[PDB]
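Inspection log for the structure reproduced underneath, given as structure tokens.
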Amino acid sequence: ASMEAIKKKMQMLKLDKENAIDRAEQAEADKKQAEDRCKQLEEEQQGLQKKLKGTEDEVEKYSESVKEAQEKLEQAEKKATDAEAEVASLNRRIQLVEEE
Amino acid sequence: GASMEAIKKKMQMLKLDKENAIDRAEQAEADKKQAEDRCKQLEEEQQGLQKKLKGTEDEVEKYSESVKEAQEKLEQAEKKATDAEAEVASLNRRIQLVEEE
């Protein structure tokens, strides 16, 4: 049978095709995992955003904390200063009467 | 005799099938590269976020010591006021005694 080279060639066409199907299938498997990798890298990111606002909103608090704190401090410093001037003047008048 | 008609017909199908599968593989493969490009993008963007973020936390710490710095100086400022005060009070008590005797 000169059917041998034909036979042999339909053989190879089939092999070719199933090798290609194997390849398609494996590429498709890879995509599905890469696509979850893709997915996860975005979904993790989002969670990260909310960590950021949470933190940046703490920043906001602290600034209005520091400011109020600075302000209390200026107010205390004026008080100390005025109380000490009350002391200086009392000194001053005592040393005067001392001598007239 | 038997034309080869059905044999060459069957061969062309097998070729077509092989061709269809190859198309399939190379689109999937190209698509696989789509995703891996994006992957190589976010992992890098994720890395980016955290550095901005740690620096944001680094800013926030800087604004906690500063708060507590003022807390203390305020403590000092009071002790100072209260001591100055006790002193005028003591001078007052003394003047009163003198004028009384």
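Ligands are numbered from 1 in the order shown, chains are lettered A, B, ... in the order of the structure tokens, and residues start at 1 in each chain.
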
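Look at residue 43 in chain A: the protein and nucleic acid residues within 12 Å of it, using only C-alpha atoms and passing over chain neighbours fewer than 5 places away, are residues 36, 37, 38, 48, 49 and 50 of chain A; 39, 42, 43 and 46 of chain B.
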
Just write the chosen residues, N, CA and C atoms, as a short mmCIF file (atom, residue, chain, number, x, y, z; two decimals), in the first residue's frame.
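part.cif written:
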data_model
loop_
_atom_site.label_atom_id
_atom_site.label_comp_id
_atom_site.auth_asym_id
_atom_site.auth_seq_id
_atom_site.Cartn_x
_atom_site.Cartn_y
_atom_site.Cartn_z
N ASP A 36 -5.60 36.37 38.27
CA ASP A 36 -5.79 36.55 39.70
C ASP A 36 -4.64 37.33 40.32
N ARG A 37 -3.42 37.08 39.87
CA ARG A 37 -2.29 37.87 40.33
C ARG A 37 -2.60 39.35 40.06
N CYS A 38 -2.94 39.67 38.81
CA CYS A 38 -3.47 40.99 38.44
C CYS A 38 -4.55 41.49 39.39
N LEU A 48 -4.99 49.12 50.80
CA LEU A 48 -3.89 50.03 51.11
C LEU A 48 -4.33 51.50 51.11
N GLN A 49 -5.11 51.90 50.10
CA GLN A 49 -5.67 53.26 50.05
C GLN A 49 -6.25 53.66 51.41
N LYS A 50 -7.17 52.84 51.93
CA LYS A 50 -7.94 53.16 53.14
C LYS A 50 -7.05 53.26 54.37
N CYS B 39 0.57 43.02 36.35
CA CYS B 39 1.15 42.50 37.58
C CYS B 39 2.44 43.23 37.93
N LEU B 42 1.44 46.84 39.32
CA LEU B 42 0.85 47.10 40.62
C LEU B 42 1.85 46.76 41.71
N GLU B 43 2.52 45.62 41.59
CA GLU B 43 3.45 45.25 42.63
C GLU B 43 4.38 46.44 42.79
N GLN B 46 2.18 49.20 44.41
CA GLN B 46 2.04 48.79 45.82
C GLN B 46 3.26 49.21 46.62
#

Which residues of chain A come within 8 Å of chain B, and what is each one's closest atom pair and distance in Å (one decimal), counting only C-alpha atoms, sorted by chain and residue number, as JSON lines?
{"residue": "A:10", "atom": "CA", "partner": "B:11", "partner_atom": "CA", "distance": 6.2}
{"residue": "A:13", "atom": "CA", "partner": "B:14", "partner_atom": "CA", "distance": 5.9}
{"residue": "A:14", "atom": "CA", "partner": "B:14", "partner_atom": "CA", "distance": 6.3}
{"residue": "A:16", "atom": "CA", "partner": "B:18", "partner_atom": "CA", "distance": 6.3}
{"residue": "A:17", "atom": "CA", "partner": "B:18", "partner_atom": "CA", "distance": 4.1}
{"residue": "A:18", "atom": "CA", "partner": "B:18", "partner_atom": "CA", "distance": 7.6}
{"residue": "A:20", "atom": "CA", "partner": "B:21", "partner_atom": "CA", "distance": 5.5}
{"residue": "A:21", "atom": "CA", "partner": "B:21", "partner_atom": "CA", "distance": 5.4}
{"residue": "A:23", "atom": "CA", "partner": "B:25", "partner_atom": "CA", "distance": 5.8}
{"residue": "A:24", "atom": "CA", "partner": "B:25", "partner_atom": "CA", "distance": 3.7}
{"residue": "A:25", "atom": "CA", "partner": "B:25", "partner_atom": "CA", "distance": 7.2}
{"residue": "A:27", "atom": "CA", "partner": "B:29", "partner_atom": "CA", "distance": 5.4}
{"residue": "A:28", "atom": "CA", "partner": "B:28", "partner_atom": "CA", "distance": 5.5}
{"residue": "A:30", "atom": "CA", "partner": "B:32", "partner_atom": "CA", "distance": 6.4}
{"residue": "A:31", "atom": "CA", "partner": "B:32", "partner_atom": "CA", "distance": 4.4}
{"residue": "A:34", "atom": "CA", "partner": "B:35", "partner_atom": "CA", "distance": 5.6}
{"residue": "A:35", "atom": "CA", "partner": "B:35", "partner_atom": "CA", "distance": 5.6}
{"residue": "A:37", "atom": "CA", "partner": "B:39", "partner_atom": "CA", "distance": 6.4}
{"residue": "A:38", "atom": "CA", "partner": "B:39", "partner_atom": "CA", "distance": 4.9}
{"residue": "A:41", "atom": "CA", "partner": "B:42", "partner_atom": "CA", "distance": 5.6}
{"residue": "A:42", "atom": "CA", "partner": "B:42", "partner_atom": "CA", "distance": 6.6}
{"residue": "A:45", "atom": "CA", "partner": "B:46", "partner_atom": "CA", "distance": 6.0}
{"residue": "A:48", "atom": "CA", "partner": "B:49", "partner_atom": "CA", "distance": 7.6}
{"residue": "A:52", "atom": "CA", "partner": "B:53", "partner_atom": "CA", "distance": 6.5}
{"residue": "A:55", "atom": "CA", "partner": "B:57", "partner_atom": "CA", "distance": 6.9}
{"residue": "A:56", "atom": "CA", "partner": "B:56", "partner_atom": "CA", "distance": 6.9}
{"residue": "A:58", "atom": "CA", "partner": "B:60", "partner_atom": "CA", "distance": 7.4}
{"residue": "A:59", "atom": "CA", "partner": "B:60", "partner_atom": "CA", "distance": 5.5}
{"residue": "A:62", "atom": "CA", "partner": "B:63", "partner_atom": "CA", "distance": 6.2}
{"residue": "A:63", "atom": "CA", "partner": "B:63", "partner_atom": "CA", "distance": 7.1}
{"residue": "A:65", "atom": "CA", "partner": "B:67", "partner_atom": "CA", "distance": 7.0}
{"residue": "A:66", "atom": "CA", "partner": "B:67", "partner_atom": "CA", "distance": 5.1}
{"residue": "A:69", "atom": "CA", "partner": "B:70", "partner_atom": "CA", "distance": 6.3}
{"residue": "A:70", "atom": "CA", "partner": "B:70", "partner_atom": "CA", "distance": 6.4}
{"residue": "A:72", "atom": "CA", "partner": "B:74", "partner_atom": "CA", "distance": 7.6}
{"residue": "A:73", "atom": "CA", "partner": "B:74", "partner_atom": "CA", "distance": 5.4}
{"residue": "A:76", "atom": "CA", "partner": "B:77", "partner_atom": "CA", "distance": 5.7}
{"residue": "A:77", "atom": "CA", "partner": "B:77", "partner_atom": "CA", "distance": 5.8}
{"residue": "A:79", "atom": "CA", "partner": "B:81", "partner_atom": "CA", "distance": 6.3}
{"residue": "A:80", "atom": "CA", "partner": "B:81", "partner_atom": "CA", "distance": 4.0}
{"residue": "A:81", "atom": "CA", "partner": "B:81", "partner_atom": "CA", "distance": 7.5}
{"residue": "A:83", "atom": "CA", "partner": "B:84", "partner_atom": "CA", "distance": 5.7}
{"residue": "A:84", "atom": "CA", "partner": "B:84", "partner_atom": "CA", "distance": 5.3}
{"residue": "A:86", "atom": "CA", "partner": "B:88", "partner_atom": "CA", "distance": 7.0}
{"residue": "A:87", "atom": "CA", "partner": "B:88", "partner_atom": "CA", "distance": 5.5}
{"residue": "A:90", "atom": "CA", "partner": "B:88", "partner_atom": "CA", "distance": 7.4}

Item to check | Two-atom distance - CA of residue 98 in chain B, CA of residue 99 in chain A (Å) | outcome: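 Between CA of residue 98 in chain B and CA of residue 99 in chain A the gap works out to 15.4 Å.
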
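Take CA of residue 29 in chain A and CA of residue 44 in chain A: the distance between them is 22.5 Å.
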